[PDB]
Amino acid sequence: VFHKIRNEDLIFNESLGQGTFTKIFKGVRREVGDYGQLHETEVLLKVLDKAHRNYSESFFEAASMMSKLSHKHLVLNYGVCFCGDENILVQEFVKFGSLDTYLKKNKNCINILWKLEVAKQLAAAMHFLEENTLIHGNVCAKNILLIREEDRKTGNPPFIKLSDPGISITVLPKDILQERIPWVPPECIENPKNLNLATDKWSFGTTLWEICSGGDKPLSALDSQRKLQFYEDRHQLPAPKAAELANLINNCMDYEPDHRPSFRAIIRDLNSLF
């Protein structure tokens, strides 16, 4: 069950972008906080499209399943608004936003050690999810959010959190899944019901490719039919320019799901690049 937040206590401000069948807004929540102090808290508001109310169950289940776990690398859910007839999630506002946009804007000021640290953090989150046998199912750089920048003065590294997967690929139209190649693994293009913990290992590889490519999108030049051929011919992504993690990427993006390494093994390999 989700906490109910009064429409009166929520103000919607700027549009930040779109998810699958969703609109994303920054907003403010008036709330009673610690010691009874009133706060006006920045929040991230996800609104399900009114034309896609058919997906409301999966929209809310995506956030609900992750809200029953607590972890430093997982975005906090605050509740739902209900907001009349609207379907709205209220979650933590992460100051610097999506990692994919951040990587692009700061491509020249981000070295391999920065990318390694963020990769280790993501793998930590995914290992926590694996230990809890919780499938995410939509790991990608768009869904990783940067809480804090590197601060060389105090030696603080960047710090990320993983947001919820949104509507599940087990219910999305096939065309959307094909557009999501190569984050959606080949067995899920074959059948979305093959969604498995092994799915997230494959998607983690694709996300690491994003992190190493300064925010490029793999296979973006390929339309959906060519993305299908990419899997039919069993291709692998090119090594990123920052090729230090190329081997780890391809080992995660194993066409055999049962052979993808555990996130424990992934974390050990990330720690071994030294």
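The first residue of the sequence shown is number 1, and the count goes up from there.
Trainee: Of the two stretches 140-148 and 85-93, which shows the higher Cα B-factor on average in the entry?
Mentor: Per the PDB entry, the higher value belongs to 85-93.
Trainee: Test of understanding: from the entry's C-alpha B-factors, which stretch has the higher mean, 223-231 or 236-244?
Mentor: Mean CA B-factor is higher for 236-244.
Trainee: Highest recorded C-alpha temperature factor, please, choosing from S98, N106, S168, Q121.
Mentor: Across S98, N106, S168, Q121, the entry lists the biggest C-alpha B-factor for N106.
Trainee: Check the PDB entry and point out which of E190, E117, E130, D164 has the largest C-alpha temperature factor.
Mentor: Answer, based on the entry's C-alpha B-factors: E190.
Trainee: Relative to the other modelled residues of the same chain, rank the CA B-factor of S203 and answer lowest, middle or highest third.
Mentor: Lowest third of the chain for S203's C-alpha B-factor.
Trainee: Going by the CA temperature factor in the PDB record, which third of the chain does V28 belong to: lowest, middle or highest?
Mentor: For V28, whose C-alpha B-factor we compare with every modelled residue in the chain, the answer is the middle third.
Trainee: Can you work out whether the C-alpha temperature factor of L48 puts it in the lowest, middle or highest third of the chain?
Mentor: It falls in the middle third of the chain.
Trainee: Could you say whether, by C-alpha temperature factor, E61 belongs to the lowest, middle or highest third of its chain?
Mentor: Its C-alpha B-factor belongs to the highest third of this chain's values.
Trainee: Please place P182 in the lowest, middle or highest third of its chain by C-alpha B factor as given in the entry.
Mentor: Lowest third of the chain for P182's C-alpha B-factor.
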